[PDB]
Amino acid sequence: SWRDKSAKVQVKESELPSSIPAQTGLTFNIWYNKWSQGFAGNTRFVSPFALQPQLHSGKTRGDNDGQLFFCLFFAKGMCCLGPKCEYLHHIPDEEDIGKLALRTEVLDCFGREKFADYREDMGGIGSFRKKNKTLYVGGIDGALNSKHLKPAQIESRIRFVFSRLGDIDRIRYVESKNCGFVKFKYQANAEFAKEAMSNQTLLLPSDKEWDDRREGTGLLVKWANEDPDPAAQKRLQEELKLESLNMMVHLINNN
RNA sequence: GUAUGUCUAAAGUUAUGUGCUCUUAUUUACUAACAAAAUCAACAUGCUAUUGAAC
Ligand SMILES: [Mg+2]
Ligand SMILES: [Zn+2]
């Protein structure tokens with residue numbers, strides 16, 4: 001269990017990356033922390049860091065302080081504070097979902113405040129209106145450094161990495177669109193896994209490409225739109241009816 | 001007073017059907033919104049004319 005050990009320091013303070021982003025203009029703007037005077041070159045890059053849940057999970061100050069929220073940088077695999085962290089260093093579980101069950105309507109599991117509307121990009125923290133449990137997984141070609149790979153092989157990779165990060169309802173890979181969809185049991189695991197897998201590679205140490213994995217752009221993990229598949233739509237309607245019927249019990253017993 | 005407007009880099013895909021070396025501006029020089037109402041300082045000291053072949 002993660003409860004059996006103190007949390008590992010993922011990255012040392014001296015090993016942390018610089019705050020100045022890669023140059024895309026002629027002058028660095030000290031206010032905005034971004035380059036001005038021109039805009040050329042891509043801003044995406046592969047994360048140097050990746051979470052290793054069985055290795056890095058452990059107790060922190062947050063477990064003793066009665067903390068609710070998870071560590072954003074633990075998910076990113078780059079937390080500097082390790083066991084001195086105020087935030088929880090483990091994959092979310094039903095105990096902690098239960099502890100989050102009040103705040104979850106307006107907050108992320110990382111304690112970030114949700115928005116009314118999704119970004120046009122469908123990236124970011126997500127909407128307090130929707131209660132979405134599904135991640136879109138794009139940029140898969142860049143996440144493999146453009147290595148040719150069979151579709152079932154890609155699906156097996158996505159199955160491995162995302163299943164470390166929570167209980168899962170469904171994974172599907174679409175070959176024509178070259179994108180994956182991962183649905184979790186709890187929205188907190190979708191929130192967590194999005195930040196854990198954003199900008200990562202799908203490559204292995206076993207791959208021939210592993211020694212240049214940093215060169216491209218990583219995984220592009222976003223919120224999913226509603227599934228247009230009619231089978232999925234009627235499944236969604238069935239679970240909506242079931243949720244409604246389960247809620248009638250509470251309203252009746254309370255009044 | 002050196003106009004101004006639109007475009008695009010996006011994202012891969014949102015699930016169904018280093019050499020050499022010229023140069024006394026040898027520059028493709030560019031802008032006109034700006035101003036236009038120009039005359040003091042004139043001028044030398046005494047005015048001119050020219051040629052047809054032949055019966
Ligand atoms: Mg004008
Ligand atoms: Zn931390």
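The sequence lines fix the lettering, A, B, ..., with proteins before strands; numbering per chain opens at 1.
- Between A:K222 and A:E195 there is no salt bridge, since no side-chain N of the basic residue sits under 4.0 Å from a carboxylate O of the acidic one.
- Closest approach to the A:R172 side chain among B:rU13, B:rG12, B:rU16 is made by B:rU16 (side chain taken as heavy atoms from C-beta onward).
- Residue A:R44 contributes atom CZ, which lies 16 Å from atom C1' of B:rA9 at whole-angstrom precision.
- If you measure from atom NZ of A:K177 to atom P of B:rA15, you get 6 Å, rounded to the nearest angstrom.
- The listed nucleotides are B:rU13, B:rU16, B:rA15; the one nearest the side chain of A:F181 is B:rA15.
- Between B:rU14 and B:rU18, the two P atoms lie 47 Å apart (nearest whole Å).
- For the pair A:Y173 OH and B:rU13 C1', the computed distance is 10 Å after rounding to whole Å.
- Atom P of B:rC30 sits at a distance of 15 Å from the matching atom of B:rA3, rounded to the whole Å.
- With rounding to whole Å, A:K183 atom NZ is found 15 Å from B:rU14 atom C1'.
- Separation of atoms NE2 (A:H90) and CD (A:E95) is listed at 8.0 Å; rounding is to 0.5 Å.
- The residue from A:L144, A:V137, A:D141, A:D207 that alone fulfils the side-chain contact (heavy atoms from CB on, under 4.5 Å) condition with A:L202 is A:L144.
- No side-chain donor from either of A:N145 and A:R213 sits under 3.5 Å from a side-chain acceptor of the other.
- Within 4.0 Å (heavy atoms only), A:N42 reaches no atom of the nucleic acid at all.
- The side chain of A:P230 sits closest to B:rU16 out of B:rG12, B:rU16, B:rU14.
- Going from atom CG of A:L220 over to atom P of B:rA10 covers 13 Å, rounded to whole Å.
- Rounded to whole Å, the distance from CZ on A:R235 to P on B:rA15 is 15 Å.
- Separation of the P atoms belonging to B:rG5 and B:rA10 is 25 Å when rounded to the nearest angstrom.
- Nearest-nucleotide positions on RNA chain B for A:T134 and A:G218 put A:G218 closer to the 5' end.
- If you measure from atom NZ of A:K222 to atom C1' of B:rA10, you get 11 Å, rounded to the nearest angstrom.
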For side chain to side chain donor-acceptor pair (under 3.5 Å), just list the numbers for A:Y136 and A:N225, CA-CA rounded to whole Å, side-chain angles, deciding distance to a tenth of an Å, and then say yes or no. CA-CA 8 Å; A:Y136 169 83; A:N225 299 114; over 6 Å; no
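- A:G142 comes within 4.0 angstrom of no nucleic acid atom, judged by non-hydrogen atoms across all strands.
- With rounding to whole Å, A:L144 atom CG is found 13 Å from B:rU13 atom P.
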